[PDB]
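Q: Data file query_21.cif (mmCIF, N, CA, C and O atoms) is appended below.
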```cif
data_upload
#
loop_
_atom_site.label_atom_id
_atom_site.label_comp_id
_atom_site.auth_asym_id
_atom_site.auth_seq_id
_atom_site.Cartn_x
_atom_site.Cartn_y
_atom_site.Cartn_z
N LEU O 389 0.82 -1.21 0.00
CA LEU O 389 0.00 0.00 0.00
C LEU O 389 0.86 1.26 0.00
O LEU O 389 0.52 2.25 -0.67
N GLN O 390 1.97 1.25 0.74
CA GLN O 390 2.83 2.43 0.78
C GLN O 390 3.45 2.70 -0.59
O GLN O 390 3.57 3.85 -1.00
N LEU O 391 3.86 1.64 -1.30
CA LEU O 391 4.40 1.83 -2.65
C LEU O 391 3.33 2.30 -3.63
O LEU O 391 3.62 3.13 -4.50
N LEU O 392 2.10 1.79 -3.53
CA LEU O 392 1.04 2.35 -4.36
C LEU O 392 0.82 3.83 -4.07
O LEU O 392 0.65 4.63 -5.00
N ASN O 393 0.82 4.21 -2.80
CA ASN O 393 0.66 5.63 -2.46
C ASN O 393 1.81 6.46 -3.00
O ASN O 393 1.60 7.57 -3.51
N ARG O 394 3.04 5.94 -2.90
CA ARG O 394 4.20 6.67 -3.42
C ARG O 394 4.11 6.83 -4.93
O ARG O 394 4.38 7.92 -5.47
N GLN O 395 3.72 5.77 -5.63
CA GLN O 395 3.57 5.84 -7.08
C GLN O 395 2.50 6.85 -7.47
O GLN O 395 2.68 7.63 -8.41
N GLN O 396 1.38 6.86 -6.75
CA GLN O 396 0.34 7.84 -7.02
C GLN O 396 0.84 9.25 -6.77
O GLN O 396 0.54 10.17 -7.54
N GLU O 397 1.60 9.46 -5.70
CA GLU O 397 2.13 10.79 -5.42
C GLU O 397 3.03 11.27 -6.55
O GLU O 397 2.88 12.40 -7.04
N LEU O 398 3.95 10.42 -7.00
CA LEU O 398 4.82 10.80 -8.11
C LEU O 398 4.02 11.07 -9.38
O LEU O 398 4.25 12.08 -10.07
N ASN O 399 3.07 10.19 -9.71
CA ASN O 399 2.32 10.36 -10.94
C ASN O 399 1.48 11.63 -10.92
O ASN O 399 1.40 12.35 -11.93
N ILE O 400 0.85 11.93 -9.79
CA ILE O 400 0.07 13.16 -9.67
C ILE O 400 0.99 14.37 -9.75
O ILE O 400 0.62 15.40 -10.32
N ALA O 401 2.20 14.26 -9.19
CA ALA O 401 3.15 15.36 -9.31
C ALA O 401 3.48 15.64 -10.77
O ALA O 401 3.31 16.77 -11.24
N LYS O 402 3.87 14.60 -11.52
CA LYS O 402 4.42 14.82 -12.86
C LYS O 402 3.44 15.53 -13.78
O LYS O 402 3.86 16.19 -14.73
N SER O 403 2.14 15.40 -13.52
CA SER O 403 1.14 16.09 -14.33
C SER O 403 0.97 17.55 -13.96
O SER O 403 0.22 18.26 -14.65
N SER O 404 1.61 18.03 -12.90
CA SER O 404 1.43 19.41 -12.47
C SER O 404 1.96 20.38 -13.51
O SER O 404 3.08 20.22 -14.02
N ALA O 405 1.16 21.39 -13.82
CA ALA O 405 1.50 22.37 -14.84
C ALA O 405 1.99 23.69 -14.26
O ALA O 405 2.14 24.67 -15.00
N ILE O 406 2.23 23.74 -12.96
CA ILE O 406 2.66 24.96 -12.28
C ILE O 406 4.18 24.98 -12.19
O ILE O 406 4.82 23.96 -11.94
N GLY O 407 4.75 26.17 -12.38
CA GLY O 407 6.19 26.35 -12.28
C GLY O 407 6.64 26.34 -10.84
O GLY O 407 5.98 25.80 -9.95
N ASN O 408 7.80 26.95 -10.60
CA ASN O 408 8.34 27.02 -9.26
C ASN O 408 7.46 27.90 -8.37
O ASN O 408 7.04 28.98 -8.78
N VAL O 409 7.18 27.42 -7.17
CA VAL O 409 6.36 28.15 -6.22
C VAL O 409 7.23 29.08 -5.39
O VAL O 409 8.36 28.73 -5.01
N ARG O 410 6.71 30.27 -5.11
CA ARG O 410 7.46 31.33 -4.44
C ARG O 410 6.70 31.73 -3.18
O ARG O 410 5.69 32.43 -3.25
N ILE O 411 7.19 31.28 -2.02
CA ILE O 411 6.62 31.66 -0.73
C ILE O 411 6.91 33.13 -0.47
O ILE O 411 8.08 33.53 -0.33
N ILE O 412 5.87 33.94 -0.42
CA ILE O 412 6.04 35.37 -0.16
C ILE O 412 5.96 35.68 1.32
O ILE O 412 6.86 36.32 1.88
N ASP O 413 4.89 35.25 1.99
CA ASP O 413 4.71 35.50 3.42
C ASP O 413 4.59 34.17 4.14
O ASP O 413 3.59 33.46 3.97
N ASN O 414 5.58 33.85 4.96
CA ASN O 414 5.46 32.72 5.85
C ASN O 414 4.47 33.04 6.97
O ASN O 414 4.16 34.20 7.24
N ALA O 415 3.97 31.99 7.61
CA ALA O 415 2.86 32.14 8.53
C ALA O 415 3.28 32.87 9.80
O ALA O 415 4.31 32.57 10.39
N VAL O 416 2.47 33.85 10.21
CA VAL O 416 2.57 34.47 11.53
C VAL O 416 1.18 34.53 12.13
O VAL O 416 0.17 34.60 11.42
N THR O 417 1.12 34.52 13.46
CA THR O 417 -0.13 34.47 14.20
C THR O 417 -0.55 35.86 14.63
O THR O 417 0.26 36.61 15.18
N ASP O 418 -1.80 36.21 14.39
CA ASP O 418 -2.31 37.50 14.84
C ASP O 418 -2.50 37.45 16.35
O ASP O 418 -3.26 36.61 16.85
N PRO O 419 -1.83 38.32 17.12
CA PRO O 419 -1.93 38.22 18.59
C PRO O 419 -3.30 38.55 19.14
O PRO O 419 -3.58 38.20 20.29
N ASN O 420 -4.16 39.22 18.38
CA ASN O 420 -5.51 39.51 18.83
C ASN O 420 -6.44 38.37 18.42
O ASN O 420 -6.58 38.11 17.22
N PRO O 421 -7.07 37.67 19.36
CA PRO O 421 -7.96 36.57 19.00
C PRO O 421 -9.10 37.04 18.11
O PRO O 421 -9.62 38.15 18.26
N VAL O 422 -9.49 36.18 17.17
CA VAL O 422 -10.62 36.48 16.30
C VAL O 422 -11.94 36.02 16.88
O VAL O 422 -13.00 36.48 16.43
N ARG O 423 -11.92 35.13 17.88
CA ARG O 423 -13.10 34.68 18.59
C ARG O 423 -12.67 34.36 20.01
O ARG O 423 -11.54 33.89 20.20
N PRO O 424 -13.52 34.62 21.01
CA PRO O 424 -14.87 35.17 20.90
C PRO O 424 -14.88 36.68 20.74
O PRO O 424 -13.94 37.35 21.16
N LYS O 425 -15.93 37.20 20.13
CA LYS O 425 -16.10 38.64 19.95
C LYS O 425 -16.86 39.17 21.16
O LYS O 425 -18.08 39.04 21.24
N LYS O 426 -16.13 39.76 22.10
CA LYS O 426 -16.70 40.06 23.41
C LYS O 426 -17.83 41.09 23.32
O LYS O 426 -18.91 40.88 23.89
N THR O 427 -17.59 42.20 22.62
CA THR O 427 -18.55 43.30 22.66
C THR O 427 -19.89 42.90 22.04
O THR O 427 -20.95 43.23 22.59
N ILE O 428 -19.87 42.20 20.91
CA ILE O 428 -21.14 41.81 20.31
C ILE O 428 -21.85 40.79 21.18
O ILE O 428 -23.09 40.79 21.25
N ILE O 429 -21.11 39.94 21.88
CA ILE O 429 -21.74 38.98 22.79
C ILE O 429 -22.45 39.71 23.92
O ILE O 429 -23.59 39.40 24.27
N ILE O 430 -21.78 40.72 24.50
CA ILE O 430 -22.39 41.44 25.61
C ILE O 430 -23.60 42.25 25.14
O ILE O 430 -24.62 42.32 25.83
N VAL O 431 -23.51 42.86 23.96
CA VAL O 431 -24.65 43.60 23.42
C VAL O 431 -25.82 42.67 23.16
O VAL O 431 -26.98 43.01 23.45
N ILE O 432 -25.55 41.49 22.59
CA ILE O 432 -26.62 40.52 22.36
C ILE O 432 -27.25 40.10 23.68
O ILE O 432 -28.47 39.96 23.78
N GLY O 433 -26.43 39.90 24.71
CA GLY O 433 -26.98 39.56 26.02
C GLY O 433 -27.90 40.64 26.56
O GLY O 433 -29.00 40.35 27.04
N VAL O 434 -27.47 41.90 26.46
CA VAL O 434 -28.29 43.01 26.95
C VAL O 434 -29.63 43.05 26.21
O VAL O 434 -30.70 43.15 26.82
N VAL O 435 -29.58 42.97 24.88
CA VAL O 435 -30.81 43.10 24.10
C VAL O 435 -31.74 41.91 24.34
O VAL O 435 -32.96 42.07 24.42
N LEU O 436 -31.17 40.71 24.45
CA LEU O 436 -31.99 39.54 24.73
C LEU O 436 -32.67 39.66 26.09
O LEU O 436 -33.87 39.36 26.23
N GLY O 437 -31.93 40.12 27.10
CA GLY O 437 -32.55 40.34 28.40
C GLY O 437 -33.67 41.35 28.33
O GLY O 437 -34.74 41.15 28.93
N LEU L 389 7.90 -4.08 -45.24
CA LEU L 389 8.70 -3.31 -44.29
C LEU L 389 7.92 -2.10 -43.77
O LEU L 389 8.00 -1.77 -42.58
N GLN L 390 7.17 -1.43 -44.64
CA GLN L 390 6.34 -0.32 -44.21
C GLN L 390 5.27 -0.79 -43.22
O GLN L 390 4.98 -0.10 -42.23
N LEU L 391 4.68 -1.96 -43.48
CA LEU L 391 3.70 -2.51 -42.55
C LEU L 391 4.33 -2.84 -41.21
O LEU L 391 3.71 -2.64 -40.16
N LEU L 392 5.56 -3.37 -41.22
CA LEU L 392 6.25 -3.64 -39.96
C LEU L 392 6.53 -2.36 -39.19
O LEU L 392 6.39 -2.31 -37.96
N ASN L 393 6.94 -1.30 -39.90
CA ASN L 393 7.17 -0.02 -39.24
C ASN L 393 5.88 0.53 -38.64
O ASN L 393 5.87 1.04 -37.52
N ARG L 394 4.77 0.42 -39.39
CA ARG L 394 3.48 0.84 -38.86
C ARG L 394 3.08 0.00 -37.65
O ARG L 394 2.49 0.51 -36.70
N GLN L 395 3.40 -1.30 -37.68
CA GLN L 395 3.12 -2.17 -36.54
C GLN L 395 3.88 -1.70 -35.30
O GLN L 395 3.32 -1.65 -34.20
N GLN L 396 5.16 -1.37 -35.47
CA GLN L 396 5.94 -0.88 -34.34
C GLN L 396 5.39 0.45 -33.82
O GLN L 396 5.32 0.67 -32.60
N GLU L 397 5.00 1.34 -34.73
CA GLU L 397 4.42 2.61 -34.31
C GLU L 397 3.12 2.40 -33.54
O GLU L 397 2.88 3.05 -32.52
N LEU L 398 2.27 1.49 -34.01
CA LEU L 398 1.03 1.21 -33.30
C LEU L 398 1.30 0.59 -31.94
O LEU L 398 0.61 0.91 -30.96
N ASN L 399 2.29 -0.30 -31.85
CA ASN L 399 2.64 -0.90 -30.56
C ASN L 399 3.09 0.17 -29.56
O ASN L 399 2.62 0.20 -28.42
N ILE L 400 4.00 1.05 -29.99
CA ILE L 400 4.50 2.06 -29.06
C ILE L 400 3.40 3.06 -28.71
O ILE L 400 3.35 3.55 -27.57
N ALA L 401 2.50 3.38 -29.65
CA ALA L 401 1.39 4.27 -29.34
C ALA L 401 0.43 3.64 -28.33
O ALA L 401 -0.03 4.30 -27.40
N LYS L 402 0.12 2.35 -28.51
CA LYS L 402 -0.79 1.67 -27.59
C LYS L 402 -0.18 1.55 -26.20
O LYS L 402 -0.89 1.69 -25.20
N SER L 403 1.12 1.27 -26.12
CA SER L 403 1.77 1.13 -24.82
C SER L 403 1.76 2.45 -24.06
O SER L 403 1.62 2.46 -22.83
N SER L 404 1.91 3.57 -24.76
CA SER L 404 2.04 4.90 -24.15
C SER L 404 0.74 5.69 -24.18
O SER L 404 0.75 6.91 -24.36
N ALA L 405 -0.40 5.02 -24.00
CA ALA L 405 -1.71 5.66 -24.08
C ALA L 405 -2.26 6.02 -22.70
O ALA L 405 -3.45 5.85 -22.44
N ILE L 406 -1.40 6.52 -21.80
CA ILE L 406 -1.83 6.87 -20.45
C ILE L 406 -2.95 7.89 -20.51
O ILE L 406 -2.86 8.91 -21.21
N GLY L 407 -4.03 7.63 -19.77
CA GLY L 407 -5.19 8.49 -19.78
C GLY L 407 -5.02 9.75 -18.96
O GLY L 407 -4.08 9.91 -18.18
N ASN L 408 -5.96 10.68 -19.16
CA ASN L 408 -5.95 11.96 -18.46
C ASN L 408 -6.90 11.94 -17.26
O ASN L 408 -7.77 12.79 -17.10
N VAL L 409 -6.71 10.96 -16.38
CA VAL L 409 -7.53 10.79 -15.18
C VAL L 409 -6.62 10.31 -14.06
O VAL L 409 -5.85 9.37 -14.25
N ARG L 410 -6.70 10.96 -12.90
CA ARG L 410 -5.84 10.63 -11.78
C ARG L 410 -6.66 10.54 -10.51
O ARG L 410 -7.67 11.23 -10.35
N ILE L 411 -6.21 9.70 -9.59
CA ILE L 411 -6.88 9.48 -8.31
C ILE L 411 -6.06 10.18 -7.24
O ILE L 411 -4.97 9.72 -6.87
N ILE L 412 -6.57 11.30 -6.75
CA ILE L 412 -5.86 12.09 -5.75
C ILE L 412 -6.12 11.57 -4.34
O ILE L 412 -5.19 11.33 -3.57
N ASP L 413 -7.39 11.41 -3.98
CA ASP L 413 -7.77 10.86 -2.68
C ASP L 413 -8.58 9.59 -2.91
O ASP L 413 -9.68 9.64 -3.45
N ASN L 414 -8.02 8.46 -2.48
CA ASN L 414 -8.78 7.22 -2.49
C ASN L 414 -9.80 7.22 -1.36
O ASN L 414 -9.73 8.02 -0.42
N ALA L 415 -10.77 6.33 -1.47
CA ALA L 415 -11.96 6.40 -0.63
C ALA L 415 -11.65 6.04 0.82
O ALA L 415 -10.98 5.05 1.09
N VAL L 416 -12.14 6.87 1.74
CA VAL L 416 -12.17 6.55 3.16
C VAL L 416 -13.55 6.89 3.70
O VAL L 416 -14.19 7.84 3.24
N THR L 417 -13.99 6.12 4.68
CA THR L 417 -15.36 6.19 5.19
C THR L 417 -15.42 7.11 6.40
O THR L 417 -14.64 6.95 7.35
N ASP L 418 -16.34 8.06 6.38
CA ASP L 418 -16.51 8.95 7.51
C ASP L 418 -17.16 8.18 8.65
O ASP L 418 -18.29 7.69 8.49
N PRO L 419 -16.52 8.05 9.82
CA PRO L 419 -17.08 7.21 10.89
C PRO L 419 -18.35 7.76 11.51
O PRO L 419 -19.04 7.01 12.22
N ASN L 420 -18.69 9.03 11.29
CA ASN L 420 -19.93 9.59 11.82
C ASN L 420 -21.05 9.38 10.82
O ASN L 420 -20.97 9.91 9.70
N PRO L 421 -22.10 8.63 11.16
CA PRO L 421 -23.18 8.39 10.20
C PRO L 421 -23.86 9.68 9.77
O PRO L 421 -23.98 10.64 10.54
N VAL L 422 -24.32 9.70 8.52
CA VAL L 422 -25.04 10.86 8.00
C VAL L 422 -26.55 10.73 8.14
O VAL L 422 -27.26 11.74 8.07
N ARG L 423 -27.06 9.51 8.35
CA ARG L 423 -28.48 9.27 8.55
C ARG L 423 -28.62 8.11 9.51
O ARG L 423 -27.85 7.14 9.41
N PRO L 424 -29.57 8.15 10.45
CA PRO L 424 -30.52 9.25 10.63
C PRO L 424 -29.94 10.42 11.42
O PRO L 424 -29.06 10.22 12.26
N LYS L 425 -30.43 11.62 11.16
CA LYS L 425 -30.03 12.82 11.89
C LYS L 425 -30.93 12.93 13.11
O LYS L 425 -32.08 13.36 13.00
N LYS L 426 -30.41 12.53 14.27
CA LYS L 426 -31.26 12.30 15.43
C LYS L 426 -31.94 13.58 15.90
O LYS L 426 -33.15 13.59 16.18
N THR L 427 -31.18 14.67 16.02
CA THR L 427 -31.72 15.88 16.64
C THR L 427 -32.83 16.49 15.80
O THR L 427 -33.86 16.92 16.35
N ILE L 428 -32.66 16.56 14.48
CA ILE L 428 -33.72 17.12 13.66
C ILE L 428 -34.96 16.24 13.70
O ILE L 428 -36.09 16.74 13.69
N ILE L 429 -34.78 14.92 13.77
CA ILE L 429 -35.92 14.01 13.86
C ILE L 429 -36.68 14.25 15.15
O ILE L 429 -37.92 14.33 15.16
N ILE L 430 -35.96 14.37 16.27
CA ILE L 430 -36.62 14.57 17.56
C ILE L 430 -37.34 15.91 17.60
O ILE L 430 -38.46 16.02 18.10
N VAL L 431 -36.70 16.97 17.08
CA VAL L 431 -37.34 18.28 17.07
C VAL L 431 -38.57 18.28 16.18
O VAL L 431 -39.60 18.87 16.52
N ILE L 432 -38.50 17.60 15.03
CA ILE L 432 -39.67 17.48 14.17
C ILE L 432 -40.79 16.74 14.90
O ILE L 432 -41.96 17.12 14.80
N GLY L 433 -40.45 15.69 15.64
CA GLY L 433 -41.46 14.98 16.41
C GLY L 433 -42.12 15.87 17.45
O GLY L 433 -43.35 15.87 17.59
N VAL L 434 -41.32 16.65 18.18
CA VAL L 434 -41.87 17.55 19.19
C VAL L 434 -42.83 18.55 18.55
O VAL L 434 -43.96 18.75 19.02
N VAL L 435 -42.39 19.19 17.46
CA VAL L 435 -43.22 20.23 16.85
C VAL L 435 -44.48 19.62 16.24
O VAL L 435 -45.56 20.22 16.30
N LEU L 436 -44.36 18.44 15.64
CA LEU L 436 -45.54 17.78 15.08
C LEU L 436 -46.55 17.44 16.17
O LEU L 436 -47.75 17.65 16.00
N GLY L 437 -46.07 16.92 17.30
CA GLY L 437 -46.97 16.67 18.41
C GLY L 437 -47.65 17.93 18.90
O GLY L 437 -48.86 17.92 19.17
#
```
Could I get this structure in the form of structure tokens?
A:
Amino acid sequence: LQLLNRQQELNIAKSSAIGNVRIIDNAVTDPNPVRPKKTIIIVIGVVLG
Amino acid sequence: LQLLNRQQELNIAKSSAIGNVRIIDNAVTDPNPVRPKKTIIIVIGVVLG
């Protein structure tokens, strides 16, 4: 099974029509969390109450 | 001799007739069943009652 997977990986590679890939921005983490959104949660709580 | 050359050409063409179809992800089974959807069934039962 591992050799079949390796053969498939090579075969799928060889058909690729894209040139050399150029990493522009490596990953960095935004220090401000995207969730939870505190203010909208508190406003929703107030209005629901 | 021309027929033999054509025979060789047909042999090499038939051998090198790789298709334009590739298998990227082979099948794996999602362990979480898709049916029945218990919660929607129970809620439908409640509302129908």
Q: Centre and edge lengths, as AutoDock Vina command-line options, for the axis-aligned box enclosing every listed atom of segment 392-398 of chain O with 5 Å of padding on each of the six sides, in Å to one decimal?
A:
```
--center_x 2.6 --center_y 7.1 --center_z -6.3 --size_x 14.5 --size_y 20.6 --size_z 17.6
```
Q: Evaluate the PyMOL selection byres ((chain O) within 7 of (chain L)) and record the selected residues as a list in words, following the chain and residue labels used in the document.
A: residues 396, 397 and 400 of chain O
Q: Next, write the just-selected residues to a file, as an mmCIF file, keeping the file's coordinate frame, keeping N, CA, C and O atoms as the atom set.
A:
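File written: part07.cif
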```cif
data_model
loop_
_atom_site.group_PDB
_atom_site.id
_atom_site.type_symbol
_atom_site.label_atom_id
_atom_site.label_comp_id
_atom_site.auth_asym_id
_atom_site.auth_seq_id
_atom_site.Cartn_x
_atom_site.Cartn_y
_atom_site.Cartn_z
ATOM 1 N N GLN O 396 1.380 6.860 -6.750
ATOM 2 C CA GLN O 396 0.340 7.840 -7.020
ATOM 3 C C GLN O 396 0.840 9.250 -6.770
ATOM 4 O O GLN O 396 0.540 10.170 -7.540
ATOM 5 N N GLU O 397 1.600 9.460 -5.700
ATOM 6 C CA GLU O 397 2.130 10.790 -5.420
ATOM 7 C C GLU O 397 3.030 11.270 -6.550
ATOM 8 O O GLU O 397 2.880 12.400 -7.040
ATOM 9 N N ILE O 400 0.850 11.930 -9.790
ATOM 10 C CA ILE O 400 0.070 13.160 -9.670
ATOM 11 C C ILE O 400 0.990 14.370 -9.750
ATOM 12 O O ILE O 400 0.620 15.400 -10.320
#
```
Q: Just the number, please: distance in Å from atom CA of residue 399 of chain O to atom CA of residue 418 of chain L, one decimal.
A: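 Distance between the two atoms: 26.4 Å.
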Q: What would you get as a compact mmCIF listing (two decimals) with N, CA, C and O atoms, keeping the file's coordinate frame if chain O were moved onto chain L by least squares over all of its C-alpha atoms in order?
A:
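File superposed04.txt, as written:
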```txt
# COMPACT_ATOMS: atom_id res chain seq x y z
N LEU O 389 -9.87 -8.15 -32.88
CA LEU O 389 -10.39 -7.03 -32.09
C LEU O 389 -9.45 -6.67 -30.95
O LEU O 389 -9.27 -5.48 -30.64
N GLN O 390 -8.84 -7.67 -30.30
CA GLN O 390 -7.94 -7.38 -29.20
C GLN O 390 -6.70 -6.62 -29.69
O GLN O 390 -6.23 -5.71 -29.01
N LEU O 391 -6.18 -6.99 -30.86
CA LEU O 391 -5.04 -6.26 -31.41
C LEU O 391 -5.42 -4.84 -31.84
O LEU O 391 -4.63 -3.91 -31.65
N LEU O 392 -6.61 -4.65 -32.41
CA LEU O 392 -7.05 -3.28 -32.67
C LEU O 392 -7.15 -2.47 -31.38
O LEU O 392 -6.73 -1.30 -31.34
N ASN O 393 -7.69 -3.05 -30.33
CA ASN O 393 -7.77 -2.34 -29.05
C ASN O 393 -6.39 -2.02 -28.50
O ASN O 393 -6.16 -0.92 -27.98
N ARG O 394 -5.45 -2.97 -28.62
CA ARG O 394 -4.09 -2.73 -28.14
C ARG O 394 -3.42 -1.62 -28.93
O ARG O 394 -2.76 -0.73 -28.36
N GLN O 395 -3.59 -1.63 -30.25
CA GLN O 395 -3.02 -0.58 -31.09
C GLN O 395 -3.60 0.78 -30.74
O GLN O 395 -2.88 1.78 -30.66
N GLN O 396 -4.91 0.84 -30.51
CA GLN O 396 -5.53 2.09 -30.11
C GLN O 396 -5.00 2.56 -28.76
O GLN O 396 -4.75 3.75 -28.56
N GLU O 397 -4.82 1.64 -27.82
CA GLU O 397 -4.29 2.02 -26.51
C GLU O 397 -2.90 2.62 -26.64
O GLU O 397 -2.62 3.70 -26.08
N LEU O 398 -2.02 1.97 -27.40
CA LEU O 398 -0.68 2.51 -27.60
C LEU O 398 -0.72 3.87 -28.30
O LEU O 398 -0.04 4.82 -27.88
N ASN O 399 -1.52 3.99 -29.37
CA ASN O 399 -1.56 5.23 -30.11
C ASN O 399 -2.10 6.38 -29.27
O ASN O 399 -1.58 7.51 -29.32
N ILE O 400 -3.14 6.13 -28.48
CA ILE O 400 -3.68 7.16 -27.59
C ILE O 400 -2.66 7.52 -26.52
O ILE O 400 -2.54 8.68 -26.13
N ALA O 401 -1.89 6.53 -26.05
CA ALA O 401 -0.84 6.83 -25.08
C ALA O 401 0.18 7.79 -25.67
O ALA O 401 0.43 8.86 -25.10
N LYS O 402 0.72 7.46 -26.86
CA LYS O 402 1.86 8.20 -27.38
C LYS O 402 1.57 9.68 -27.56
O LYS O 402 2.48 10.50 -27.54
N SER O 403 0.30 10.04 -27.76
CA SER O 403 -0.08 11.45 -27.89
C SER O 403 -0.17 12.17 -26.56
O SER O 403 -0.38 13.40 -26.56
N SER O 404 -0.05 11.48 -25.44
CA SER O 404 -0.20 12.13 -24.14
C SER O 404 0.91 13.14 -23.90
O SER O 404 2.10 12.85 -24.12
N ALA O 405 0.52 14.32 -23.45
CA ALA O 405 1.45 15.42 -23.23
C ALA O 405 1.81 15.62 -21.76
O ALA O 405 2.44 16.62 -21.41
N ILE O 406 1.40 14.70 -20.90
CA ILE O 406 1.64 14.80 -19.46
C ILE O 406 2.91 14.05 -19.11
O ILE O 406 3.19 12.97 -19.63
N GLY O 407 3.68 14.63 -18.19
CA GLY O 407 4.91 14.00 -17.71
C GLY O 407 4.61 12.86 -16.78
O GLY O 407 3.53 12.27 -16.79
N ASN O 408 5.59 12.54 -15.94
CA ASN O 408 5.43 11.46 -14.98
C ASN O 408 4.39 11.83 -13.93
O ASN O 408 4.38 12.95 -13.41
N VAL O 409 3.50 10.90 -13.64
CA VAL O 409 2.45 11.11 -12.66
C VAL O 409 2.95 10.73 -11.27
O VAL O 409 3.69 9.75 -11.11
N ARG O 410 2.55 11.52 -10.28
CA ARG O 410 3.04 11.38 -8.91
C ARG O 410 1.85 11.16 -7.99
O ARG O 410 1.12 12.10 -7.68
N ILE O 411 1.65 9.91 -7.55
CA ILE O 411 0.60 9.58 -6.60
C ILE O 411 0.96 10.17 -5.24
O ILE O 411 1.96 9.77 -4.62
N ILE O 412 0.16 11.11 -4.77
CA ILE O 412 0.40 11.73 -3.47
C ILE O 412 -0.32 11.00 -2.36
O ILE O 412 0.29 10.61 -1.36
N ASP O 413 -1.64 10.80 -2.50
CA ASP O 413 -2.43 10.12 -1.49
C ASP O 413 -3.09 8.90 -2.11
O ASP O 413 -3.98 9.04 -2.96
N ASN O 414 -2.67 7.72 -1.69
CA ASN O 414 -3.38 6.51 -2.06
C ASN O 414 -4.72 6.44 -1.33
O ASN O 414 -4.93 7.12 -0.32
N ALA O 415 -5.62 5.63 -1.86
CA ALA O 415 -6.99 5.64 -1.40
C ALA O 415 -7.12 5.07 0.00
O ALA O 415 -6.56 4.03 0.32
N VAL O 416 -7.86 5.77 0.86
CA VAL O 416 -8.31 5.25 2.15
C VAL O 416 -9.79 5.55 2.29
O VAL O 416 -10.32 6.52 1.73
N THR O 417 -10.48 4.71 3.07
CA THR O 417 -11.92 4.78 3.23
C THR O 417 -12.27 5.54 4.49
O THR O 417 -11.72 5.27 5.56
N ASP O 418 -13.19 6.49 4.39
CA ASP O 418 -13.64 7.22 5.57
C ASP O 418 -14.53 6.30 6.39
O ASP O 418 -15.56 5.82 5.89
N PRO O 419 -14.19 6.02 7.66
CA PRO O 419 -14.99 5.06 8.44
C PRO O 419 -16.38 5.54 8.76
O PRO O 419 -17.23 4.72 9.13
N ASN O 420 -16.66 6.84 8.67
CA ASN O 420 -18.00 7.35 8.91
C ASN O 420 -18.79 7.36 7.60
O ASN O 420 -18.38 8.04 6.66
N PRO O 421 -19.89 6.62 7.50
CA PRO O 421 -20.66 6.59 6.26
C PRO O 421 -21.15 7.98 5.88
O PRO O 421 -21.50 8.80 6.73
N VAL O 422 -21.17 8.25 4.57
CA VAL O 422 -21.69 9.52 4.07
C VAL O 422 -23.18 9.48 3.81
O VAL O 422 -23.81 10.54 3.70
N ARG O 423 -23.77 8.28 3.72
CA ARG O 423 -25.20 8.10 3.57
C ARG O 423 -25.56 6.79 4.25
O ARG O 423 -24.74 5.86 4.21
N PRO O 424 -26.73 6.70 4.89
CA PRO O 424 -27.76 7.73 4.99
C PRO O 424 -27.46 8.75 6.07
O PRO O 424 -26.74 8.45 7.02
N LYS O 425 -27.99 9.95 5.92
CA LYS O 425 -27.83 11.02 6.90
C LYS O 425 -28.98 10.91 7.89
O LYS O 425 -30.10 11.35 7.61
N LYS O 426 -28.71 10.32 9.05
CA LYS O 426 -29.78 9.92 9.96
C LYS O 426 -30.56 11.13 10.49
O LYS O 426 -31.79 11.14 10.47
N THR O 427 -29.84 12.15 10.99
CA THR O 427 -30.52 13.23 11.69
C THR O 427 -31.45 14.01 10.75
O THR O 427 -32.58 14.35 11.14
N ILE O 428 -31.00 14.31 9.53
CA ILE O 428 -31.87 15.05 8.63
C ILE O 428 -33.06 14.20 8.22
O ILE O 428 -34.17 14.73 8.03
N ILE O 429 -32.89 12.89 8.12
CA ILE O 429 -34.01 12.01 7.79
C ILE O 429 -35.05 12.05 8.90
O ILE O 429 -36.25 12.17 8.65
N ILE O 430 -34.59 11.98 10.16
CA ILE O 430 -35.54 11.98 11.27
C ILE O 430 -36.24 13.34 11.39
O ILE O 430 -37.44 13.41 11.67
N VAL O 431 -35.50 14.43 11.18
CA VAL O 431 -36.11 15.76 11.22
C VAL O 431 -37.15 15.90 10.12
O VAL O 431 -38.24 16.46 10.34
N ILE O 432 -36.83 15.43 8.91
CA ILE O 432 -37.79 15.49 7.81
C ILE O 432 -39.03 14.67 8.16
O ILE O 432 -40.16 15.09 7.87
N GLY O 433 -38.84 13.51 8.77
CA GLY O 433 -40.00 12.71 9.18
C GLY O 433 -40.88 13.44 10.17
O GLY O 433 -42.11 13.47 10.03
N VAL O 434 -40.27 14.07 11.18
CA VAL O 434 -41.04 14.81 12.18
C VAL O 434 -41.84 15.94 11.52
O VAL O 434 -43.04 16.10 11.76
N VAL O 435 -41.17 16.72 10.67
CA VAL O 435 -41.85 17.87 10.07
C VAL O 435 -42.95 17.43 9.11
O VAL O 435 -44.02 18.04 9.05
N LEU O 436 -42.70 16.37 8.35
CA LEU O 436 -43.72 15.86 7.45
C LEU O 436 -44.94 15.37 8.23
O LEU O 436 -46.09 15.65 7.85
N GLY O 437 -44.71 14.65 9.33
CA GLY O 437 -45.83 14.23 10.16
C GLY O 437 -46.61 15.41 10.69
O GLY O 437 -47.85 15.40 10.69
```
Q: How many Å separate atom CA of residue 421 of chain L from atom CA of residue 433 of chain L?
A: 20.4 Å
Q: Using DSSP on the backbone coordinates, identify all residues within segment 395-437 of chain L classified as helix (DSSP H, G or I); present the result as a list in words.
A: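 Taking segment 395-437 of chain L and keeping helix (DSSP H, G or I) only, one gets residues 395, 396, 397, 398, 399, 400, 401, 402, 403, 426, 427, 428, 429, 430, 431, 432, 433, 434, 435 and 436 of chain L.
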Q: Have a look at atom C of residue 406 of chain L and atom CA of residue 404 of chain O and let me know their distance in Å, one decimal.
A: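 Computing it gives 14.7 Å between the two atoms.
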